[PDB]
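Protein chains in written order, with this note's numbering: chain A, 205 to 325; chain B, 205 to 325; chain C, 3 to 444; chain D, 1292 to 1339; chain E, 173 to 284; chain F, 649 to 783; chain G, 649 to 783; chain H, 649 to 783.
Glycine included, C-beta positions come from ideal geometry on N, C-alpha and C.
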Amino acid sequence: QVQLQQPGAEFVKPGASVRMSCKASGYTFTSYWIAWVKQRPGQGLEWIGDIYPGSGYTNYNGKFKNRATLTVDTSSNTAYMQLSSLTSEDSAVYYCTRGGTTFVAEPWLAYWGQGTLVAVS
Amino acid sequence: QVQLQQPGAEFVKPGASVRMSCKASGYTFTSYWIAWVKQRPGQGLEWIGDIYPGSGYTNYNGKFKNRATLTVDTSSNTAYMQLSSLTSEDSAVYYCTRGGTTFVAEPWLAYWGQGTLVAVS
Amino acid sequence: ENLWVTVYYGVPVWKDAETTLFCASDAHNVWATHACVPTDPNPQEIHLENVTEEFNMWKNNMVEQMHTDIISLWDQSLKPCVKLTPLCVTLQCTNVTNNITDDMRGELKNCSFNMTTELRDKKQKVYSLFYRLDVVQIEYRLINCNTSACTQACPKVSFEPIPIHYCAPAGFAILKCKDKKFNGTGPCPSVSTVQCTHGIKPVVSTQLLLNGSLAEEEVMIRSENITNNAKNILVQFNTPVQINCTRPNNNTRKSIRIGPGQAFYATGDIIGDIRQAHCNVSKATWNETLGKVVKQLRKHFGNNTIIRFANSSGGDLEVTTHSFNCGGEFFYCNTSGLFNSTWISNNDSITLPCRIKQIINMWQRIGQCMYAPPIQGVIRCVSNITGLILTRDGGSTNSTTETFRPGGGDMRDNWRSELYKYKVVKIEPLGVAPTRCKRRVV
Amino acid sequence: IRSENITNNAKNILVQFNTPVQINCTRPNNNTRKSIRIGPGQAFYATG
Amino acid sequence: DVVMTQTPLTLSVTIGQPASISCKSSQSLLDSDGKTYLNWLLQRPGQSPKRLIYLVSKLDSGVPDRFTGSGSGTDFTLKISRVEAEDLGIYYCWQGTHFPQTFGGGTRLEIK
Amino acid sequence: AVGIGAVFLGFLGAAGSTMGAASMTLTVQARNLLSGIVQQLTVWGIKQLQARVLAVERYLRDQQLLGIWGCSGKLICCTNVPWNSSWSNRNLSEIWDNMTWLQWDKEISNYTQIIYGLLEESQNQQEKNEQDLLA
Amino acid sequence: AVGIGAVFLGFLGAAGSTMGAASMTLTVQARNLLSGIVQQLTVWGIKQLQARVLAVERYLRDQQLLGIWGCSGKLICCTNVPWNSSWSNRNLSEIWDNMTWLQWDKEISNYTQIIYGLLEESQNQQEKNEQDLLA
Amino acid sequence: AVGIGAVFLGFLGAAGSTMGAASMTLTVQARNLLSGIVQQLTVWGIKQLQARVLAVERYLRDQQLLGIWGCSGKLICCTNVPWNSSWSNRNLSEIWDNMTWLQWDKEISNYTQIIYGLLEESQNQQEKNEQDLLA
Ligand SMILES: *[C@@H]1O[C@H](CO)[C@@H](O[C@@H]2O[C@H](CO)[C@@H](O[C@@H]3O[C@H](CO)[C@@H](O)[C@H](O[C@H]4O[C@H](CO)[C@@H](O)[C@H](O)[C@@H]4O)[C@@H]3O)[C@H](O)[C@H]2NC(C)=O)[C@H](O)[C@H]1NC(C)=O
Ligand SMILES: *[C@@H]1O[C@H](CO)[C@@H](O[C@@H]2O[C@H](CO)[C@@H](O[C@@H]3O[C@H](CO)[C@@H](O)[C@H](O)[C@@H]3O)[C@H](O)[C@H]2NC(C)=O)[C@H](O)[C@H]1NC(C)=O
Ligand SMILES: *[C@@H]1O[C@H](CO)[C@@H](O[C@@H]2O[C@H](CO)[C@@H](O[C@@H]3O[C@H](CO)[C@@H](O)[C@H](O)[C@@H]3O)[C@H](O)[C@H]2NC(C)=O)[C@H](O)[C@H]1NC(C)=O
Ligand SMILES: *[C@@H]1O[C@H](CO)[C@@H](O[C@@H]2O[C@H](CO)[C@@H](O[C@@H]3O[C@H](CO)[C@@H](O)[C@H](O)[C@@H]3O)[C@H](O)[C@H]2NC(C)=O)[C@H](O)[C@H]1NC(C)=O
Ligand SMILES: *[C@@H]1O[C@H](CO)[C@@H](O[C@@H]2O[C@H](CO)[C@@H](O[C@@H]3O[C@H](CO)[C@@H](O)[C@H](O)[C@@H]3O)[C@H](O)[C@H]2NC(C)=O)[C@H](O)[C@H]1NC(C)=O
Ligand SMILES: *[C@@H]1O[C@H](CO)[C@@H](O[C@@H]2O[C@H](CO)[C@@H](O[C@@H]3O[C@H](CO)[C@@H](O)[C@H](O)[C@@H]3O)[C@H](O)[C@H]2NC(C)=O)[C@H](O)[C@H]1NC(C)=O
Ligand SMILES: *[C@@H]1O[C@H](CO)[C@@H](O[C@@H]2O[C@H](CO)[C@@H](O)[C@H](O)[C@H]2NC(C)=O)[C@H](O)[C@H]1NC(C)=O
Ligand SMILES: *[C@@H]1O[C@H](CO)[C@@H](O[C@@H]2O[C@H](CO)[C@@H](O)[C@H](O)[C@H]2NC(C)=O)[C@H](O)[C@H]1NC(C)=O
Ligand SMILES: *[C@@H]1O[C@H](CO)[C@@H](O[C@@H]2O[C@H](CO)[C@@H](O)[C@H](O)[C@H]2NC(C)=O)[C@H](O)[C@H]1NC(C)=O
Ligand SMILES: *[C@@H]1O[C@H](CO)[C@@H](O)[C@H](O)[C@H]1NC(C)=O
Ligand SMILES: *[C@@H]1O[C@H](CO)[C@@H](O)[C@H](O)[C@H]1NC(C)=O
Ligand SMILES: *[C@@H]1O[C@H](CO)[C@@H](O)[C@H](O)[C@H]1NC(C)=O
Ligand SMILES: *[C@@H]1O[C@H](CO)[C@@H](O)[C@H](O)[C@H]1NC(C)=O
Ligand SMILES: *[C@@H]1O[C@H](CO)[C@@H](O)[C@H](O)[C@H]1NC(C)=O
Ligand SMILES: *[C@@H]1O[C@H](CO)[C@@H](O)[C@H](O)[C@H]1NC(C)=O
Ligand SMILES: *[C@@H]1O[C@H](CO)[C@@H](O)[C@H](O)[C@H]1NC(C)=O
Ligand SMILES: *[C@@H]1O[C@H](CO)[C@@H](O)[C@H](O)[C@H]1NC(C)=O
Ligand SMILES: *[C@@H]1O[C@H](CO)[C@@H](O)[C@H](O)[C@H]1NC(C)=O
Ligand SMILES: *[C@@H]1O[C@H](CO)[C@@H](O)[C@H](O)[C@H]1NC(C)=O
Ligand SMILES: *[C@@H]1O[C@H](CO)[C@@H](O)[C@H](O)[C@H]1NC(C)=O
Ligand SMILES: *[C@@H]1O[C@H](CO)[C@@H](O)[C@H](O)[C@H]1NC(C)=O
Ligand SMILES: *[C@@H]1O[C@H](CO)[C@@H](O)[C@H](O)[C@H]1NC(C)=O
Ligand SMILES: *[C@@H]1O[C@H](CO)[C@@H](O)[C@H](O)[C@H]1NC(C)=O
Ligand SMILES: *[C@@H]1O[C@H](CO)[C@@H](O)[C@H](O)[C@H]1NC(C)=O
Ligand SMILES: *[C@@H]1O[C@H](CO)[C@@H](O)[C@H](O)[C@H]1NC(C)=O
Ligand SMILES: *[C@@H]1O[C@H](CO)[C@@H](O)[C@H](O)[C@H]1NC(C)=O
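In structure tokens form, the structure reads like this:
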């Protein structure tokens, strides 16, 4: 089964950093795109970013002015994300969703995980 | 006032050299062109050469086959000319005249000086 | 109608970048060595109008580039001649009392030693005269013996200063300001560019600049943060003040063979009287020159302050005294007479007792050294004083009656007075311009 | 077990483990160093 | 960029009635290849997001008969014949042709 | 009338003139990127090699860069790519004949990679269209 | 739809894709032939010079080679040269969209000099006709 | 008829033939400016680097020179610039098919810079006219 394991919840402090992991299992990690999604309970879904688990090419949303650094590991089949140093109002849950292939790209948002609760306090 | 000071008269010998100076005062020397003119009493005015007290670019008359070396000094606001090693029949007065700007170039021959009597003997 | 982009190549653009320069010398030696490519005698200088540029004195890499460059030349020139390893033998020395002036009593020390000869199985007794600042009691040994032993200046390769031209590689340009009021750092509305700089003499000094390039119109006090006393103040004069230096002794040179094809040159026996080396500077000229310096200096400080001058604040002989390399023989000279005055708001020479030290320690890199062999006969010097390198004394209360003393001595500051105008920039030919372009589609 | 021709005994066999085995090495002596000058600006350091 | 707005902010429905929801695109989403990659996902209240329609003409696995995706160009719609507790939620229309891959504004289905 | 805004204003001479008048001086600028060290031990031996290689490498990077864009072999070339007007809401007369080039590059230096990020895509796209017409 | 077969597949990334899909990735390949050593004693001093010169020389040989063929300045260029059909009796669809490029070059590596032996002759010819039309 | 005045006359082989017959041998000449040292301590280490860099630098100077003139990418290219007839009052048949090229360059070597002094001006002038038509 295609599953994207995520940590349960992380409690961080202002001025600190986080290591937002996203495990890949039950498929080939070197082809499918990986993207992150925000699910603020009081707001609609927002596009955070996208990391290509192959060439390492990174793309970032316009509103973010490259505030995050995205890293992946092809050996352990994992993906990582930096914030970097977010603040209080950005305390919500992020979902690491699997995209499609760089050729077809139609199956985007095929599978999701459970997310992780980021509550900086 | 725009003035082009020149030496009064120089008496040189065959096989010798001259340092034909031309002082610049009362204006900006880095822009206006500088040219020399001959005023043989028995003959009409002749074009000698032209120096740009700028890039240092030098142009010479076709009849001169580059017999002269032109030098300028942007620090002391002066212009110099070599003959080089002229002969008897070229004994006359040379005038260092100020030209116009490289862009407009309409005010050419705007101002003159007094010249210097070159009499090689 | 909506404008498009166009590619422009070669358009003038400047970016602040610094790289390795190149050397050029005018038509053996230590500086040029007939190795640098000759520079054509047409230094085409071009004036750029309607432009201003920024110059960062004390941050230019040209100063750093020259400082490391000449040291490499010094090491390169010292390798191919005799080492002086076997001169650290015990020195049984004695005083010199044959026609000795009272002012130099005990300075020279007649010495004898058992230094080896060319044959490895034979010795020889050789006597030589050494200055007091070259030996130390244990009876005597050389000052540098407990430190790494040094070579001997190849007798033939003179260290006489030679102007050196610095030229940047293709794709880079050198910009020089021309405003006569130029401070240490700031825009200059008379920017100009030249591929090669004018002749720069690497002549050395610690207190008084020698054979430097004088200012244009007025004395300039070029300095970064001035309220901070920790950094030196560099002063450049406008009219040279002639300085005379001479060695009155009629010294003679003796050649001693140390090994196979390796010879060492010693001092003595001296001929004639024993007179201290002295330097001379006109009294009237110096007073006028100092008066002009304080006048311009008073524009940066209080007008009613009583400016005073004093000698250095003590320390090692290398930095405490004036130094120069005239005629290949080094002089360390006490300049207490050039700063003994006070200035309140509103006979033809000075005798400067000098000193000589044949054993020379170069830049404060302590692992190196060299020997300076003597030269037959008297040596005369004629140089120009172009400026001073003063230092600001601390502890001033209420900033009143401020005083300065000579000091510094770092070799970088000497060249900074010559490289302050010149900076290196990079050319960015590529560019994009917006206009109404429609490419001809095939 | 990374190796070229294996039936040939003349070539070494290279083995790479998967879990590190800690190794401890120590010198129990409390040695001291003595500096002896050998020449001009040249020093040699001895034992004891 | 191309915004995704949905007319129904609140949709009051009782069990056993047909529900209507629609979405709009500022610019036509017809891709050069000749397909519309728009996705209609019904995000559960607290569970992981789940897609319901991809390639709006096509439908996902575990097909529910009530859901019938339709629409092309500027207009997108999804008709549900009957309402179930699962239907009660938030629907998002996600474009899949332009950058960024913006989601829908969200239409809430609640009983009042 | 021998004085025309032209090459004899000097290498880098157009840097003080307006952008429009600097277009005719783009030939004196490409010539001074290779020569100057034509005429000719560790010190000054490696330095000469390092300087020469860097000068050659620097010029090639631009020649290669113009090669990908398809503008190589033309000193002044333009493609069909449009640009986001938000970068500079200025008129042609407000860019070329009223301001120097030196400060112009400073303002737009932020989008140098972005504007480059559109040139090569169009050139390859142009080649693909030519391939389609070619076939 | 941000995932399109394009540059972001990575340098050399198209080596695993079909020949047809690799055409759009030819721009990411030319960019990585010069840079990488922009930022900077015998060891590593001569080596840096040797590596830099070799990289510069290698790129020149191709730029020169494309210059003689007349394809310089166009990343994807072609001439009017026919080729001996015996080299590869395959259809366009049988070459581009069904096999990778890596094994392709191996098969026709034998005739690399021969196929090159026809490009320059025609380019010089094409110049000759232009000269005839020119005159 | 295998013997045609062509490449197989040898590198520099056309130097003995007339100028007209030497035009077809201009491809064997550009190939021998870079290669020859492809296959590979102070002596012969620095010398190899100095020789390689000089060969690369020399070739680039001509490539850049042709680039400014706008003839780059074409082995035989000509602009629209006229020339002062006083330099050589000779007919086409009196230049190409009756005299060798070696002694030719000697006679007109005096005006090499002057004739070059017109090529770049026209090329930039050509670009400016294209800019006018472009706009
Ligand atoms: C500041 O600049 C002035 C201006 O040059 C400079 O004065 C120069 O000093 C040198 C050194 O004394 C003079 O040249 C010497 O002249 C004497 C007398 O003729 C010669 O005996 C010297 O020959 C020795 O040195 C040679 C190498 O230089 C050896 O090859 C030779 O065998 C001798 O050992 C030497 O030529 C020079 O004439 C003056 N210049 C002028 C214009 O007077 C002064 O030294 C500079 N300041 C400093 C601190 O260097
Ligand atoms: C030290 O300072 C003195 C001035 O106090 C300098 O003397 C000056 O030297 C220059 C040449 O270096 C003289 O200019 C020359 O004049 C002759 C004609 O006499 C001319 O043919 C040359 O082309 C050059 O222009 C200048 O007249 C002279 N001034 C005085 C008052 O003597 C001396 O050169 C300085 N020395 C050093 C090493 O800095
Ligand atoms: C540098 O030179 C100066 C003078 O040119 C040296 O200063 C001199 O130092 C001596 C020794 O102290 C002074 O002599 C003594 O002065 C005291 C003062 O009260 C007096 O009581 C003694 O009888 C004796 O004369 C001498 O006056 C002084 N010179 C001046 C002009 O004041 C200085 O020591 C030298 N420094 C170095 C490092 O060589
Ligand atoms: C440096 O800046 C000054 C600013 O005054 C420039 O002065 C102006 O220069 C132009 C040409 O060099 C002069 O002529 C003008 O030319 C235009 C275009 O041909 C024409 O339309 C005008 O009617 C005028 O004739 C102009 O009179 C002069 N003064 C101004 C503008 O007030 C100078 O040219 C600049 N130099 C450089 C090298 O950039
Ligand atoms: C590596 O090789 C595998 C072999 O299976 C490739 O899998 C195929 O990849 C393509 C596109 O990446 C998938 O989509 C196909 O696209 C073509 C052209 O648009 C279309 O006509 C087909 O109908 C299909 O949609 C295809 O489903 C997939 N599976 C196959 C061919 O069995 C994979 O793409 C290769 N990856 C790389 C990077 O070369
Ligand atoms: C070296 O110089 C000799 C000078 O005699 C050349 O001899 C001539 O060579 C040509 C061709 O190589 C011979 O054929 C001629 O060709 C022209 C043009 O196709 C044709 O119009 C003539 O009717 C004739 O067939 C020619 O007979 C021969 N003898 C002469 C000119 O007296 C020789 O070719 C030169 N070789 C080289 C490599 O430059
Ligand atoms: C430097 O100046 C001093 C001081 O004037 C000179 O000393 C003179 O030396 C001569 C002997 O040559 C004596 O006759 C004078 O009496 C001394 N002067 C004084 C005031 O005592 C010295 O000669 C000068 N040296 C140089 C090289 O100029
Ligand atoms: C410095 O030394 C010189 C030479 O020993 C003294 O003589 C002057 O020499 C220059 C030539 O270099 C002449 O132009 C001067 O006319 C000479 N002056 C006199 C008075 O003869 C010079 O006087 C010395 N100056 C000082 C201040 O000691
Ligand atoms: C600077 O000058 C002062 C003059 O006041 C020197 O002070 C004398 O120094 C000597 C030895 O150098 C002592 O014997 C005296 O007792 C000191 N007297 C006074 C009043 O200070 C000082 O030594 C000089 N220092 C330097 C570095 O030149
Ligand atoms: C030698 O001179 C020194 C200098 O102070 C002196 O102390 C010593 O007594 C002198 N010795 C003789 C023998 O003259
Ligand atoms: C040199 O050798 C002689 C002869 O043995 C001896 O008397 C003298 O003390 C020696 N001198 C030194 C400094 O060793
Ligand atoms: C060498 O001896 C002198 C004499 O006092 C001393 O000042 C210096 O520090 C010594 N250097 C070393 C390295 O021992
Ligand atoms: C030069 O720099 C100093 C130090 O920043 C500053 O005070 C001064 O105003 C500047 N200009 C001049 C002409 O000194
Ligand atoms: C040094 O510079 C700083 C700012 O550049 C200034 O505030 C200060 O007064 C200056 N002087 C000292 C002693 O710090
Ligand atoms: C030095 O002493 C030796 C030995 O007595 C003597 O021969 C020589 O003349 C002396 N030299 C001087 C300058 O006094
Ligand atoms: C130097 O100038 C000062 C300034 O007033 C004066 O007091 C002093 O007497 C002058 N000295 C000489 C030697 O002229
Ligand atoms: C000192 O006086 C001069 C005029 O002699 C004046 O320009 C300057 O401002 C004065 N200094 C101060 C700090 O006011
Ligand atoms: C300064 O010169 C005067 C002149 O007689 C003298 O009395 C005084 O001691 C000197 N001071 C110094 C520090 O040289
Ligand atoms: C030094 O003395 C010797 C002794 O003969 C003499 O030949 C020479 O000329 C003297 N040197 C000077 C500069 O007087
Ligand atoms: C070595 O390799 C060869 C062939 O590669 C094989 O026949 C042979 O059995 C191997 N072992 C020895 C000992 O030669
Ligand atoms: C406007 O800017 C965006 C990025 O901010 C870019 O994607 C778009 O292409 C630009 N518009 C044009 C017409 O180039
Ligand atoms: C360009 O970027 C700099 C820093 O990256 C920023 O300070 C400046 O405001 C930017 N300018 C524009 C026009 O975006
Ligand atoms: C066929 O191959 C021969 C050499 O074997 C070659 O000469 C000929 O040109 C080829 N045919 C074509 C159409 O290129
Ligand atoms: C290519 O050449 C190799 C060796 O030169 C040969 O083994 C192979 O069969 C050749 N292939 C073709 C298609 O000619
Ligand atoms: C004739 O020669 C002159 C220089 O002597 C030159 O200016 C002119 O352009 C030449 N004629 C032609 C048509 O090129
Ligand atoms: C070419 O120049 C040389 C020397 O510069 C001269 O001897 C010769 O006559 C000139 N030839 C022509 C045709 O101008």
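Open item on the list: Please tell me whether H/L697 has its Cβ less than 7 Å away from any Cβ of chain F.
Closed with: With respect to chain F, the C-beta atom of H/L697 has a partner C-beta closer than 7 Å.
- [ ] Write down the C-beta distance between H/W749 and H/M667 rounded to the nearest angstrom, noting that I regard them as a contact closer than 8 Å.
- [x] The pair is a contact, with the Cβ atoms about 5 Å apart (cut-off 8 Å).
Open item on the list: Between B/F307, B/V324, B/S259 and B/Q318, which has its C-alpha nearest B/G212's C-alpha?
Closed with: When only C-alpha atoms are compared, the closest one is B/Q318.
TODO: If I'm right that C/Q278 touches C/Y133 with Cβ under 8 Å, what's the distance once you round it to whole angstroms?
DONE: Not a contact, Cβ separation roughly 12 Å.
Open item on the list: For a minimum of 4 consecutive residues, which ranges assigned as the alpha helix (DSSP H) are wholly contained in the region 685-764 of chain G?
Closed with: For the region 685-764 of chain G, whole alpha helix (DSSP H) runs of length 4 or above, ordered along the chain, are 694-717, 740-744 and 749-756.
- [ ] Step through the CB atoms of chain C and report whether any lies within less than 7 Å of the CB of F/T666.
- [x] Closer than 7 Å: no.
Open item on the list: So G/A649 contacts chain A; which residues on that side make the cut at Cβ distance below 7 Å?
Closed with: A309, listed in chain order.
- [ ] Give me the Cβ distance between H/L723 and G/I716, rounded to the nearest whole Å; I'm assuming they're in contact under 8 Å.
- [x] Indeed they touch by this definition, with Cβ atoms about 6 Å apart.
Task: Beta carbon of C/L131 nearer than 7 Å to that of C/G263 - done: It is not a contact, given that the beta carbons lie outside the stated cut-off.
Task: Proximal chain F residues relative to C/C190, where beta-carbon distance stays under 9 Å - done: Within chain F, no C-beta atom comes less than 9 Å from the C-beta of C/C190; the nearest is roughly 13 Å away.
Open item on the list: Can you look up E/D205 in the DSSP assignment and give me helix, strand or coil?
Closed with: Reduced to three states, the DSSP call for E/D205 is coil.
Task: Cα-Cα separation, B/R244 to F/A654 - done: Distance between B/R244 and F/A654, taken at the CA atoms: about 33 Å.
TODO: Would you list the residues whose beta-carbon is nearer than 6 Å to any heavy atom of ligand 19, in the order they occur in the chain?
DONE: Going along the chain, the residues that qualify are C/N252, C/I273, C/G379 and C/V380.
- [ ] Measure the CB-CB distance between C/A175 and C/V427 and report whether it falls below 7 Å.
- [x] Taking 7 Å as the Cβ cut-off, C/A175 and C/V427 qualify as a contacting pair.
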